[PDB]
Amino acid sequence: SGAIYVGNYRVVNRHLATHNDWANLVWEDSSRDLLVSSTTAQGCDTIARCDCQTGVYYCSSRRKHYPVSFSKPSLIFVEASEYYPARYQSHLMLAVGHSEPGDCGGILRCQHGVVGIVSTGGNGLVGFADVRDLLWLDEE
Ligand SMILES: [Zn+2]
């Protein structure tokens, strides 16, 4: 579990969005596993605007933050998980590291701020849904 809070937006894994998220929907994209809902309070997080490929992510199934190198966001085949069938996920970054389903929502951060959230795992990789392209998270 976990979310990003920026401005009056909450960014969550689409597959973990609640009824309240859907009832306050701003934007969602199944291909990316992302959903954004509106908040009443202002968020604590800063979104990175960069092409960093090094950062640190939170792994809840280890109670640990790990430094990782990760690939640039791309269209990647993901094997079946507890929450999605095998499919192509867009805007996905991969790193070598531990990730189980419940690790979804852990933040990946670089020197500039939040890069994305854990979205995939298995076979010794962790996948992150990028958010650095979503410039609108900082306005309106
Ligand atoms: Zn960065």
Side-chain angles (χ1 to χ4, degrees):
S1 71
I4 310 166
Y5 296 93
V6 52
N8 287 270
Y9 298 125
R10 163 174 143 94
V11 187
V12 287
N13 299 90
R14 190 180 182 277
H15 74 272
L16 295 183
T18 65
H19 166 75
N20 188 70
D21 290 319
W22 281 102
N24 292 283
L25 180 63
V26 172
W27 170 86
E28 55 85 20
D29 182 323
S30 177
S31 76
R32 295 182 67 146
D33 185 38
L34 287 183
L35 184 147
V36 180
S37 60
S38 62
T39 65
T40 52
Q42 296 238 256
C44 266
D45 302 316
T46 298
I47 308 301
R49 300 302 175 190
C50 67
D51 64 359
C52 288
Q53 286 187 260
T54 69
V56 172
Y57 84 102
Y58 181 63
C59 178
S60 68
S61 62
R62 294 286 180 274
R63 294 188 172 278
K64 192 149 193 192
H65 292 261
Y66 293 100
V68 287
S69 296
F70 52 91
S71 63
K72 303 185 164 186
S74 201
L75 179 58
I76 306 288
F77 185 73
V78 182
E79 298 290 348
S81 69
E82 284 169 6
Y83 51 89
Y84 286 127
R87 71 189 203 130
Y88 282 97
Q89 182 158 327
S90 66
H91 297 267
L92 185 71
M93 301 171 291
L94 293 170
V96 176
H98 187 68
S99 176
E100 301 173 26
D103 291 320
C104 286
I107 282 174
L108 173 67
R109 65 183 76 241
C110 67
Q111 70 177 97
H112 303 104
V114 173
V115 176
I117 51 169
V118 173
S119 181
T120 77
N123 277 326
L125 307 189
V126 51
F128 311 91
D130 185 54
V131 297
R132 300 174 288 185
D133 62 326
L134 301 177
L135 308 187
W136 56 262
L137 284 171
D138 285 323
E139 63 197 2
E140 133 91 315

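Values below: all heavy atoms of this structure, side chains included; hydrogens, waters and symmetry mates excluded. This chain uses plain numbering: 1 for the first residue, then up along the sequence.
Of all non-hydrogen atoms in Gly2 and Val12, the two that sit nearest each other are O-CG1, 4.2 Å. Here the shortest heavy-atom pairing between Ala3 and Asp45 reads O-OD2, 4.3 Å. Among all heavy-atom pairs drawn from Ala41 and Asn8, the shortest one is O-OD1, 3.4 Å. Smallest separation of non-hydrogen atoms from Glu82 and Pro101: OE1-CG, 3.5 Å. Minimum interatomic distance between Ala129 and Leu92 (heavy atoms only, all atoms of both residues): N-CD1, 4.3 Å.
Members clustered with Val6: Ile4, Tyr9, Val11, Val26, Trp27, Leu34, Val36, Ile47, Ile107, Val114, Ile117, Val131, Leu134, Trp136, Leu137, by chain and number, using a 4.5 Å side-chain heavy-atom cutoff among hydrophobic residues. Other members of the hydrophobic cluster containing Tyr84, listed by chain and number, are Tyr83; membership follows side-chain contacts under 4.5 Å among ILVMFWY residues, whether direct or relayed. Clustering of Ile, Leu, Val, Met, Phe, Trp and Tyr side chains at separations under 4.5 Å leaves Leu16 isolated, with no partner residue.
In this structure, the side-chain hydrogen bond (donor to acceptor under 3.5 Å, both in side chains) partners of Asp130, at least two apart in sequence or on a different chain, are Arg132. The salt bridge (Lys or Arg N to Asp or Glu O under 4.0 Å) test applied to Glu79 returns no partner, not counting sequence neighbours. In this structure, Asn123 has no side chain to side chain contact (heavy atoms under 4.5 Å, CB included) partners at least two apart in sequence or on a different chain. Listed by chain and residue number, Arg49 satisfy the salt bridge (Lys or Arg N to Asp or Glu O under 4.0 Å) test with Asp138 (two or more places apart in sequence, or in another chain). Not counting sequence neighbours, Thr46 has no partner by the side chain to side chain contact (heavy atoms under 4.5 Å, CB included) test. In terms of the salt bridge (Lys or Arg N to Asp or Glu O under 4.0 Å) criterion, residue partners of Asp21 (sequence neighbours excluded) are, by chain and number, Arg10. Every residue two or more places apart in sequence or in another chain that forms a side-chain hydrogen bond (donor to acceptor under 3.5 Å, both in side chains) with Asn24 is listed here: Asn20.
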### Task
Before giving the answer on side-chain contact (heavy atoms from CB on, under 4.5 Å), spell out for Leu108 and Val56 the whole-Å C-alpha distance, their side-chain angles and the decisive distance to 0.1 Å.
CA-CA 6 Å; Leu108 173 67; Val56 172; 5.9 Å; no

### Query
Can you check side-chain contact (heavy atoms from CB on, under 4.5 Å) on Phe128 and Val115, steps first, answer last?
CA-CA 8 Å; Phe128 311 91; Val115 176; over 6 Å; no

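Here the straight-line distance linking atom OG of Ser30 with atom CZ of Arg87 works out to 4.5 Å at 0.5 Å rounding. We find the OG-CG distance between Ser119 and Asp103 to be 12.0 Å, quoted to the nearest 0.5 Å. If you take OG on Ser31 and CZ on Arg14, they are separated by 9.5 Å, rounding to the nearest 0.5 Å.
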Extract all donor-acceptor atom pairs below 3.5 Å that involve side chains of residues 62-78 and protein atoms in other chains or at least two apart in sequence.
from  : atom 1 : to    : atom 2 : distance (Å)
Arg62 : NH2    : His98 : NE2    : 3.4
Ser71 : OG     : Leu94 : N      : 2.9

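Among residue pairs with one or both ends in residues 106-115, none qualify as side chain to side chain donor-acceptor pair (under 3.5 Å); sequence neighbours excluded.
Side-chain contact between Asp33 and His15: present, with at least one pair of heavy atoms (C-beta onward) separated by less than 4.5 Å.
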